[PDB]
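**Q** Okay, structure incoming, though there's no sequence with it:
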Ligand SMILES: *[C@@H]1O[C@H](CO)[C@@H](O[C@@H]2O[C@H](CO)[C@@H](O)[C@H](O)[C@H]2NC(C)=O)[C@H](O)[C@H]1NC(C)=O
Ligand SMILES: *[C@@H]1O[C@H](CO)[C@@H](O[C@@H]2O[C@H](CO)[C@@H](O)[C@H](O)[C@H]2NC(C)=O)[C@H](O)[C@H]1NC(C)=O
Ligand SMILES: *[C@@H]1O[C@H](CO)[C@@H](O[C@@H]2O[C@H](CO)[C@@H](O)[C@H](O)[C@H]2NC(C)=O)[C@H](O)[C@H]1NC(C)=O
């Protein structure tokens, strides 16, 4: 191909990291050449025009060119094996000349087209062989077969559901052509069933320092212990303050250390060690702990 | 209110096991749908 | 007693190294320090490694490192915030703090061989897998290819371990396809919520043989220009020779996302010597709009569409220039690189960012403060100008307005911007400050930079200041930290800092001192500044020609590709016709966009300074917590707060 | 073509030979190739402490600095290059001795100037920094500075820079024009009646190189 190429280079170093280099440009060129500019696709069995452009970049020399379209079994033209389709043209210097040809596509697919040209009194020549798609007449259609709901509890009864998809009837289909069937599945996103929790605005007061007797230490430790667990599961430490969970952790640890000081030697609890042990308070600490 | 959250109720209960029986039928395409794939698309293409 | 101190970033990342800086202040003798990382909330213990000893020979310093693993337990919550807890025990006194965690683990960059493809062709694509340090990492990547309406058609899962962070893969486009924009999306396995993407187009085309350039004389339009907007046309063949043809060009107006076309703006010019020129006059534009006010035209934008055909008539290229602003001002002034917090009674530096109306940086334009015409300065290469004021000890905010003074341009053409800076708050209004000052140049690796530390306090407490503590934040992690000692009477000290390749593209320096002053109270005063570094490769890959002669080689000829680069590096290649890029040059990856993605991932939000010592660290992106009790502000949001604009 | 042990030549030619006691001091080190052409991007360091290192700019000048103590004794300064692969016999070195400033009546009241070190082109701005050092009883008496510019053997520009109390540092931007080519000197001073009622003058100066080009 005659153009300027742009080369992109990216390096990967285990110590110097990724580096995307500056693009390097290489201009590939010949002084005399052809560029056959085909369409991407052509309708089969309809006569079309191809445009072959021939370029002359001498600064003071016009050139006599014999240009020829070659015979093709897949494309009908004036070029046959006995009789060739050739012309004799003249290209002025620092200019380009376009030579039209007319052809007819004969068979479907990506078929071959070839042209050549050579100049008189110099031995510089060029040939261009490209392929272009011969498409049968017709157009793309993306119709929908079916759109239906799946629910095995609701449809088919008792958690089992069977459902068929017939193929498309497509009587307008072009003969011997591809036909994809795109199947898609997407679940149903169901949400909510959650009520609003308490916004933790007025819950900032329940941090109480434990103090006093064993029951009184349990009174002061009572709102501090439950509030951390509520704010853990409601994750409202963003509004409340992340520093206050560590501060409450010291008060919960201080409450437990003070709670073990009123422990009876038979693993029981009361306000004092002199007092007879309380059955209800023993059950309440087990609920708290 | 903590036990109301923590393991809070939610409308999702997806546990779908869907399988297809192909025209080529060399294998049965089978996928699963749960909560992490609730809004996930699953697509397959044929050539016929 | 001595005060123990821990400094870490605001936000910690999964699957990457995290720097932990331990210091003790005013300390005597050795103190052992044990380090532990726990989860939040509760206690499951995620990391119990590392310990060190703060020594007076090392000025009670100690930097230790760790790495955060991620498992199925860590990756569980994907949508809402979660935190962890850092524990460091200084002798018998423990200091701990809850830290915000980001779930990001690195970067993914996707290169395609073309920006636009045909039905029935192959797409070649390489995925580069790097960590946060832009170094190749071996992880499992999940890649998906989606349709124009968002349907995944092909998906992959592969690890790049022992492949030097390169995943070369391929896929064929079917002929049964919907033309339009197609998207490739990718994410790491251990970070599913961080999604990377790049786009390409599918169309039915053949490549053109020439390119058309549409060049406005100025990349904006001034409304009261009687001549109007001049747009020069340049057209040449792809191998570099001049195009002879005839161009058809039409103008239009873009208001928001909606485009309006001006039909009578059409002209027909021949393209001679590879060039042409067309002018849209002021009368035709006002005749095109039905609103005769010139004031309502401000804020909207123009676009140009050209259609050029060769005089052989065998090829055709359509080009487009768009986004040309209709403005009263050929410049845009921003305080985006200026800190919003001044030091009362201590001079303050202004870094003024001036751009062209499209957004490109303006070069060598003189700007001045609105107060006093004597203080003027011209912009440097990156569009930054240096101004400064001599601040009074006003505890009231100080309004700063900057206006350009470029010659010949009228006062309606002079841009201006107005902001309001805020005073630094000292601890207990002690009026004891720290002021940083530094050179403002384009920084290349290998240069030295003089950092200046100015102390302001009463002389009864100046003898208690024996050191400064500095840290360097670069790319969201701590790169370097240390102490700079000070003898009495040396209110200014200088520290030379050598620039290496690790400092690219931008870094923040923080510095502080501490003492027990006033009525026997611990005081912390800090300062910070943001510095831009010239965007370049960490390495240096260059591609050039091996041959020195035979200019424009023949088709098919052998030539020598010469590749100079860093030793030990792996290089990937692709060679593309430029006619693909004339059709579609969007989404091309480059090194400047890589540093732009890293700068968009920065956790610092302000160009230095702050409302106090805590605001200095929080705006820079750092957390501090001391044993006495002074600590940074809580931050539970990963993103930066948005300016009022 | 010189036959040498050293591929570089270190000179203190652009460094002042007089230091300010107890105030940090700047070193401008001029390094050349053996013919005399300026060396590019060679790292030099002070002999005392390996931590303070810097590389030369385009004009062969490197920036080093020390944090000076109030020694009334002269201070020896030795600079040595640290360029890699080259042996210690190949590393150039130079040794000088700087001299202390003498204040009026040993009052220890100084003036310190500091400035950026870049290649200066016409049209750029240059921040000039004025640091005052004195006791606070006389800091309220210093209300102004007096500056002058010497270029090509004649005075080019001069003026006053006012100062408010508590503002020991002030900054003055200087725009570079074509008149400053090829090199110029800035002087600055203040004055007051201090100590026991005695007139005192304290001054400081610096020499700046400008990029050689046409006016
Ligand atoms: C058939 O395929 C086309 C794509 O070729 C699809 O319709 C497109 O929908 C997008 C919006 O997502 C529009 O931007 C395009 O203009 C549409 N294309 C058209 C109208 O050709 C869709 O899959 C199918 N559409 C129809 C109308 O059958
Ligand atoms: C933190 O400690 C590490 C110790 O591993 C330091 O790394 C060494 O630093 C010294 C001096 O900078 C170098 O001479 C060594 O070569 C480094 N070690 C290795 C293995 O390369 C690190 O510099 C320290 N960082 C801070 C900020 O204090
Ligand atoms: C000394 O006085 C002369 C007066 O002739 C000053 O020249 C003028 O300076 C002002 C302000 O710089 C300019 O606006 C004028 O245009 C100058 N006059 C002319 C005729 O051009 C000169 O600047 C003064 N120099 C100093 C050092 O004070």
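**A** On my side now, so go ahead. Numbers count the residues shown, from 1 in each chain, chains lettered A, B, ... in the order given. Ligands and ions are numbered 1, 2, ... in the order given.
**Q** Please make it C-alpha for all contacts and neighbour counts, starting now.
**A** OK.
**Q** Helices of the stretch 151-289 of chain A, residue ranges please.
**A** All helices of the stretch 151-289 of chain A, identified by DSSP state H, counting those that start in this stretch, fall at A:214-233, A:237-240, A:243-259, A:279-288.
**Q** could I get the ones you listed as JSON lines with mean neighbour count and distance to residue B:19?
**A** Below are these laid out as JSON lines (neighbours: other CA atoms under 10 Å in any protein chain shown; distance: least, CA to CA, whole Å):
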{"stretch": "helix A:214-233", "mean neighbour count": "19", "distance to residue B:19": "38"}
{"stretch": "helix A:237-240", "mean neighbour count": "14", "distance to residue B:19": "45"}
{"stretch": "helix A:243-259", "mean neighbour count": "17", "distance to residue B:19": "49"}
{"stretch": "helix A:279-288", "mean neighbour count": "12", "distance to residue B:19": "49"}
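**Q** just so I know, which of those lies nearest residue C:133?
**A** helix A:237-240 (29.9 Å; CA to CA).
**Q** Roughly how far does residue C:364 sit from residue C:408?
**A** 15 Å (CA to CA, to the nearest Å).
**Q** Looking at the two, which one has more neighbours?
**A** Higher neighbour count among residue C:364 and residue C:408: residue C:364, with 19 against 7, using other CA atoms under 10 Å in any protein chain shown.
**Q** Could you find the closest non-adjacent residue to that one?
**A** Sequence neighbours aside, residue C:379 is the residue nearest to residue C:364 in space, at 4.7 Å (criterion: CA to CA, 6 or more residues apart in numbering or on different chains).
**Q** dump the residue contacts of that neighbour.
**A** C:354, C:362-367, C:385-386 (CA atoms under 8 Å, 6 or more residues apart in numbering or on different chains).
**Q** Restricted to strands, list these.
**A** Using DSSP state E, the members of the contacts of residue C:379 that fall in strands are C:354, C:366-367, C:385-386.
**Q** Around chain A, pick out the residues from chain B.
**A** When proximity is defined as CA under 8 Å from any CA of the partner chain, chain B approaches chain A at B:1-2, B:5-6, B:8-12, B:33, B:37-48.
**Q** can you tell me if whichever strand or helix holds residue C:478 touches ligand 2.
**A** Element membership of residue C:478 [criterion: DSSP states H and E] is strand C:477-485. Yes - judged by CA under 6 Å from any ligand atom, strand C:477-485 comes into contact with ligand 2 at C:480-481.
**Q** List the buried residues of that strand.
**A** C:477-478, C:481-482 (16 or more other CA atoms under 10 Å in any protein chain shown).
**Q** Point me to the residue of the stretch 1-150 of chain A nearest ligand 3.
**A** Here the stretch 1-150 of chain A gets closest to ligand 3 at one residue, residue A:22, 48.0 Å apart by CA to the nearest ligand atom.
**Q** which of the buried residues of strand C:477-485 lies closest to chain D?
**A** In terms of CA to the nearest CA, no member of the buried residues of strand C:477-485 lies closer to chain D than residue C:482, at 12.4 Å.
**Q** who's in contact with the closest one?
**A** Per CA under 8 Å, 6+ apart, neighbours of residue C:482: C:61, C:469-471.
**Q** Count residues in the vicinity of the residue nearest to residue A:9 when sequence neighbours are not counted, would you?
**A** Nearest residue to residue A:9, sequence neighbours excluded (CA to CA, 6+ apart): residue C:573, at 4.9 Å. Applying other CA under 10 Å, we find 10 residues neighbouring residue C:573.
**Q** List the contacts of residue C:573.
**A** Counted by CA under 8 Å, 6+ apart, residue C:573 has contacts A:7-10.
**Q** Please tell me how far the most centrally placed residue in chain B sits from ligand 3.
**A** For chain B, the residue nearest the mean C-alpha position is residue B:33 (1.2 Å; CA atoms, centre = their mean). For residue B:33, the distance to ligand 3 equals 81 Å [CA to the nearest ligand atom, to the nearest Å].
**Q** roughly how far apart are the closest residue to residue A:182 other than its chain neighbours and residue C:122?
**A** Sequence neighbours aside, residue B:45 is the residue nearest to residue A:182 in space, at 5.0 Å (criterion: CA to CA, 6+ apart). Here residue B:45 is placed at a distance of 18 Å from residue C:122 (CA to CA).
**Q** Just list whatever residues bridge to residue C:301.
**A** residue C:254, residue C:325 (DSSP bridges).
**Q** okay but it is in contact with residue C:326, surely?
**A** Yes - at 5.5 Å, residue C:301 counts as touching residue C:326 under the criterion of CA atoms under 8 Å.
**Q** on that earlier part again, now, which of the contacts of residue C:573 lie within helices?
**A** Judged by DSSP state H, helices contain none of these.
**Q** From these, list just the buried residues.
**A** A:7-10.
**Q** Compare residue B:45 and residue C:122 (neighbour count), which wins?
**A** residue C:122 (15 against 11).
**Q** who touches the more buried one in this structure?
**A** Residue C:122 touches C:170-173, counting by CA under 8 Å, 6+ apart.
**Q** could the residues you listed go into a markdown table alongside secondary structure?
**A** Formatted as a markdown table, those follow (DSSP: H, G, I helix; E, B strand; the rest coil):
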| residue | secondary structure |
| --- | --- |
| C:170 | strand |
| C:171 | strand |
| C:172 | strand |
| C:173 | coil |
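**Q** neighbour-wise, which of those residues leads?
**A** In terms of neighbour count, residue C:173 stands highest of the contacts of residue C:122 at 14 neighbours, by other CA under 10 Å.
**Q** distance of that one from residue B:47?
**A** In terms of CA to CA, residue C:173 sits 13 Å off from residue B:47.
**Q** swap in residue C:134?
**A** The value you get for residue C:134 to residue B:47, if CA to CA is used, is 42 Å.
**Q** Neighbour count: these two, which is higher?
**A** Neighbour totals were compared for residue C:134 and residue B:47, and residue C:134 leads with 24 against 10 (other CA under 10 Å).
**Q** isn't the more buried one right next to residue A:17, touching?
**A** Yes - using CA under 8 Å, residue C:134 is in contact with residue A:17, at 5.3 Å.
**Q** export the ones in strands among the contacts of residue C:379 to JSON lines and tack on distance to ligand 2?
**A** Output for the ones in strands among the contacts of residue C:379, formatted as JSON lines (distance: CA to the nearest ligand atom, whole Å):
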{"residue": "C:354", "distance to ligand 2": "35"}
{"residue": "C:366", "distance to ligand 2": "40"}
{"residue": "C:367", "distance to ligand 2": "39"}
{"residue": "C:385", "distance to ligand 2": "32"}
{"residue": "C:386", "distance to ligand 2": "31"}
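**Q** ok, and of those, which contact chain D?
**A** Okay, of the ones in strands among the contacts of residue C:379 touching chain D (CA under 8 Å from any CA), that's residue C:386.
**Q** so which of the ones in strands among the contacts of residue C:379 comes closest to chain A?
**A** For the ones in strands among the contacts of residue C:379, the nearest to chain A is residue C:354 (27.1 Å; CA to the nearest CA).
**Q** just checking, which of the residues of chain B next to chain A belong to strands?
**A** Using DSSP E, the subset of the residues of chain B next to chain A located in strands is B:33, B:41-45.
**Q** how about residue 117, what does it touch?
**A** Let's take chain A. So, once contact is read as CA under 8 Å, 6+ apart, residue A:117 ends up touching A:34, A:65-68, A:125-127.
**Q** Wait, chain C was what I had in mind.
**A** By CA under 8 Å, 6+ apart, the neighbours of residue C:117 are C:123, C:200-203.
**Q** between those residues, which is nearest residue C:166?
**A** Distance to residue C:166 across these (CA to CA) is lowest for residue C:123, with 16.4 Å.
**Q** what about that closest one, how many neighbours?
**A** Count around residue C:123 with other CA under 10 Å applied: 17.
**Q** ok, and the closest non-adjacent residue to residue C:435?
**A** residue C:454 (5.1 Å).
**Q** So which elements touch the one helix or strand that neighbour maps to?
**A** Taking DSSP H and E as the criterion, residue C:454 maps to strand C:448-456. Judged by 3 or more CA pairs under 8 Å, 6 or more residues apart in numbering or on different chains; DSSP states H and E, strand C:448-456 is in contact with strand C:433-438, strand C:492-498.
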